[PDB]
Structures are given as structure tokens and as C-alpha cells.
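Following: one structure in C-alpha cells, then a few remarks.
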There are 2 protein chains.
Amino acid sequence: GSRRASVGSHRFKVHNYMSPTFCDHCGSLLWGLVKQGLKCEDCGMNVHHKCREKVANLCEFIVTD
Amino acid sequence: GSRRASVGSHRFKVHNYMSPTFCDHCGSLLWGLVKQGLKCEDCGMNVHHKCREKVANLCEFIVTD
Ligand SMILES: [Zn+2]
Ligand SMILES: [Zn+2]
Ligand SMILES: [Zn+2]
Ligand SMILES: [Zn+2]
């Protein structure tokens, strides 16, 4: 038995956060009221622009569809 | 960079083939005109009932969505 996972690399896109949100890499607040960071279009990971280069490219999530 | 793949184990279901179709494992014809074998609902692999127990469980396909 195996879960079905979607497995690729992150697809980060600049994102406008509507509530205070923290960087999933470093834990600091994503500062500002607009374009505060990047959100992975596939797995939802939120990062600072500066942290984009610090995270592993590996992007996986369980497909519960 | 990486392709994105859907990765799990096969999900075989009995299948009615509308044209002559061969087992993707052993290469012999899926005999008969109905319920000739099983098709993986995820990757499309076609197998004899008897070959279901012979194939590796690993089921992957590229997500081109
Ligand atoms: Zn991701
Ligand atoms: Zn950060
Ligand atoms: Zn399969
Ligand atoms: Zn076979």
C-alpha cells in the first residue's frame, strides 16, 4: 500500500496575503500588506523573496482527490 | 528543474477492451471480447488477471495538466 503523492519542484509565484502570514522557511513575518512573499502554486508553501533561494526545490503533497 | 509526477501504487479495475489489446506485462493478447483484463485507473497499464500479481506496484505518470 502506498499513498498517491504529487512530486515535483516548487512553482513559486508572488502572492498578496490578506492576513498576517509567516515564512514557512525562516518563521519571520511576511512583511507588508501586498506582495509580501511567494506562494507555491502546487503545495502552498509561503516564503520571503530572500528565502526562495534557501528552500529545497523538492515539492510533494498527498493527492486526496 | 523537475517534471511533476503522480506517484503511488497501481489501482487495477476489470476492464472491457473494445479492440484487441495486449498485456503490458507479458505481451500476450488479453483474450476474449469482454472483461479481458484489468486497467490501472491511474496510469492506464493493461494486464491479465494472472499478471496483476507479477507487476511491480509502483505507479507513476507525468502530470501534464
Ligand atoms: Zn511546493
Ligand atoms: Zn523567510
Ligand atoms: Zn498504474
Ligand atoms: Zn499478461
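Lettering and numbering for the C-alpha cells are positional, with chains as A, B, ... in the shown order, residues counted from 1 in each chain, and ligands counted from 1 in the shown order.
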
Would you give me, as a PDB file with C-alpha atoms, in the first residue's frame, the residues of chain B that come within 9 Å of chain A, using only C-alpha atoms?
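Listed below is the output, out15.pdb:
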```
ATOM      1  CA  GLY B   1      14.065  21.686 -12.538  1.00  0.00           C
ATOM      2  CA  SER B   2      11.782  18.696 -12.350  1.00  0.00           C
ATOM      3  CA  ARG B   3       8.778  17.211 -14.072  1.00  0.00           C
ATOM      4  CA  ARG B   4       5.808  16.727 -11.828  1.00  0.00           C
ATOM      5  CA  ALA B   5       4.796  13.124 -11.363  1.00  0.00           C
ATOM      6  CA  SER B   6       1.866  11.439  -9.748  1.00  0.00           C
ATOM      7  CA  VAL B   7       3.371   8.616  -7.705  1.00  0.00           C
ATOM      8  CA  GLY B   8       1.561   5.787  -5.940  1.00  0.00           C
ATOM      9  CA  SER B   9       0.666   2.148  -6.457  1.00  0.00           C
ATOM     10  CA  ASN B  57       3.274  -1.981  -7.556  1.00  0.00           C
ATOM     11  CA  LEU B  58       4.946   1.303  -8.474  1.00  0.00           C
ATOM     12  CA  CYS B  59       2.610   3.527 -10.461  1.00  0.00           C
ATOM     13  CA  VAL B  63       1.212  15.330 -14.792  1.00  0.00           C
TER      14      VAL B  63
END
```

*asked:* Can you work out which residues are within 7 Å of ligand 2, considering only C-alpha atoms and all ligand atoms, and then hand them over as a PyMOL selection string?
replied: chain A and resi 23-28+47-48+50-51

Writing out the chosen residues with N, CA, C and O atoms as a PDB file, in the first residue's frame:
```
ATOM      1  N   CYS A  23       6.742  33.196   7.161  1.00  0.00           N
ATOM      2  CA  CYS A  23       7.537  32.460   6.204  1.00  0.00           C
ATOM      3  C   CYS A  23       7.651  31.002   6.671  1.00  0.00           C
ATOM      4  O   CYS A  23       8.070  30.727   7.792  1.00  0.00           O
ATOM      5  N   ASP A  24       7.310  30.060   5.798  1.00  0.00           N
ATOM      6  CA  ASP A  24       7.389  28.638   6.134  1.00  0.00           C
ATOM      7  C   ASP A  24       8.818  28.122   6.229  1.00  0.00           C
ATOM      8  O   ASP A  24       9.043  27.025   6.731  1.00  0.00           O
ATOM      9  N   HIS A  25       9.772  28.908   5.733  1.00  0.00           N
ATOM     10  CA  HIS A  25      11.179  28.556   5.857  1.00  0.00           C
ATOM     11  C   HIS A  25      11.801  29.087   7.152  1.00  0.00           C
ATOM     12  O   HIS A  25      12.319  28.307   7.944  1.00  0.00           O
ATOM     13  N   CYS A  26      11.738  30.404   7.378  1.00  0.00           N
ATOM     14  CA  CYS A  26      12.513  31.033   8.453  1.00  0.00           C
ATOM     15  C   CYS A  26      11.693  31.442   9.670  1.00  0.00           C
ATOM     16  O   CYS A  26      12.267  31.773  10.707  1.00  0.00           O
ATOM     17  N   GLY A  27      10.370  31.481   9.535  1.00  0.00           N
ATOM     18  CA  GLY A  27       9.495  31.797  10.658  1.00  0.00           C
ATOM     19  C   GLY A  27       9.256  33.276  10.921  1.00  0.00           C
ATOM     20  O   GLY A  27       8.471  33.632  11.797  1.00  0.00           O
ATOM     21  N   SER A  28       9.909  34.155  10.169  1.00  0.00           N
ATOM     22  CA  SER A  28       9.619  35.579  10.338  1.00  0.00           C
ATOM     23  C   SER A  28       8.386  36.005   9.543  1.00  0.00           C
ATOM     24  O   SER A  28       8.037  35.417   8.522  1.00  0.00           O
ATOM     25  N   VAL A  47       6.972  31.714   1.277  1.00  0.00           N
ATOM     26  CA  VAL A  47       8.321  32.153   1.634  1.00  0.00           C
ATOM     27  C   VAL A  47       8.613  33.629   1.355  1.00  0.00           C
ATOM     28  O   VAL A  47       7.997  34.236   0.483  1.00  0.00           O
ATOM     29  N   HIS A  48       9.548  34.208   2.104  1.00  0.00           N
ATOM     30  CA  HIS A  48      10.072  35.510   1.740  1.00  0.00           C
ATOM     31  C   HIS A  48      10.767  35.421   0.388  1.00  0.00           C
ATOM     32  O   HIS A  48      11.284  34.371   0.021  1.00  0.00           O
ATOM     33  N   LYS A  50      13.657  36.521  -0.182  1.00  0.00           N
ATOM     34  CA  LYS A  50      15.035  36.143   0.145  1.00  0.00           C
ATOM     35  C   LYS A  50      15.171  34.679   0.548  1.00  0.00           C
ATOM     36  O   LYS A  50      16.258  34.124   0.504  1.00  0.00           O
ATOM     37  N   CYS A  51      14.064  34.064   0.955  1.00  0.00           N
ATOM     38  CA  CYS A  51      14.111  32.675   1.389  1.00  0.00           C
ATOM     39  C   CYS A  51      13.860  31.698   0.245  1.00  0.00           C
ATOM     40  O   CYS A  51      14.126  30.514   0.360  1.00  0.00           O
TER      41      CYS A  51
END
```

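Going from CA of residue 21 in chain B to CA of residue 64 in chain B covers 25.1 Å.
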
Mind checking which residues fall within 9 Å of residue 49 in chain B, counting only C-alpha atoms, ignoring those fewer than 2 positions away in the same chain, and posting them as number ranges by chain? B: 14, 36-38, 47, 51-53

- [ ] Extract the full set of strand (DSSP E or B) residues from chain A according to DSSP on the backbone, and format it as a list in words.
- [x]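 Result set for chain A (strand (DSSP E or B)): residues 5, 6, 7, 8, 9, 12, 13, 14, 15, 22, 29, 37, 38, 39, 40, 46, 47, 58, 59, 60, 61 and 62 of chain A.
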
>> Would you pick out the contacts of residue 19 in chain A at 12 Å or less, using only C-alpha atoms, so that residues sharing its chain but fewer than 6 positions from it are not included, and give the list as a list in words?
In response: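 Result of the neighbour search: residues 29, 30, 31, 32, 33, 34 and 36 of chain A.
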
So that I have them on file, write out the residues from the current selection with N, CA, C and O atoms, as an mmCIF file, in the first residue's frame.
```cif
data_model
loop_
_atom_site.group_PDB
_atom_site.id
_atom_site.type_symbol
_atom_site.label_atom_id
_atom_site.label_comp_id
_atom_site.auth_asym_id
_atom_site.auth_seq_id
_atom_site.Cartn_x
_atom_site.Cartn_y
_atom_site.Cartn_z
ATOM 1 N N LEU A 29 7.714 37.032 10.030
ATOM 2 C CA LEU A 29 6.537 37.577 9.376
ATOM 3 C C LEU A 29 6.830 37.951 7.925
ATOM 4 O O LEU A 29 7.912 38.487 7.616
ATOM 5 N N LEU A 30 5.885 37.649 7.035
ATOM 6 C CA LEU A 30 5.951 38.167 5.664
ATOM 7 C C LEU A 30 5.458 39.614 5.695
ATOM 8 O O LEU A 30 4.246 39.868 5.701
ATOM 9 N N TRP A 31 6.403 40.554 5.716
ATOM 10 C CA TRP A 31 6.114 41.973 5.935
ATOM 11 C C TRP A 31 5.362 42.637 4.797
ATOM 12 O O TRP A 31 5.529 42.269 3.639
ATOM 13 N N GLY A 32 4.533 43.620 5.145
ATOM 14 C CA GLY A 32 3.794 44.382 4.157
ATOM 15 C C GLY A 32 2.329 43.992 4.087
ATOM 16 O O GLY A 32 1.870 43.071 4.767
ATOM 17 N N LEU A 33 1.583 44.718 3.266
ATOM 18 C CA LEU A 33 0.180 44.406 3.066
ATOM 19 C C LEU A 33 -0.045 43.898 1.648
ATOM 20 O O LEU A 33 -1.135 43.435 1.328
ATOM 21 N N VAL A 34 0.988 43.984 0.804
ATOM 22 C CA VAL A 34 0.928 43.429 -0.560
ATOM 23 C C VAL A 34 2.228 42.760 -1.013
ATOM 24 O O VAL A 34 3.322 43.115 -0.558
ATOM 25 N N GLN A 36 3.810 40.229 -0.299
ATOM 26 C CA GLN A 36 4.672 40.052 0.864
ATOM 27 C C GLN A 36 5.623 38.879 0.717
ATOM 28 O O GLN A 36 6.595 38.769 1.453
#
```

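Residue nearest ligand 3, chosen from B:17, B:41, B:22, B:65 and counting only C-alpha atoms and all ligand atoms: B:41.
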
Expressed in Å, the length from CA of residue 56 in chain B to atom 1 (Zn, counted along the ligand's line) of ligand 3 is 9.6 Å
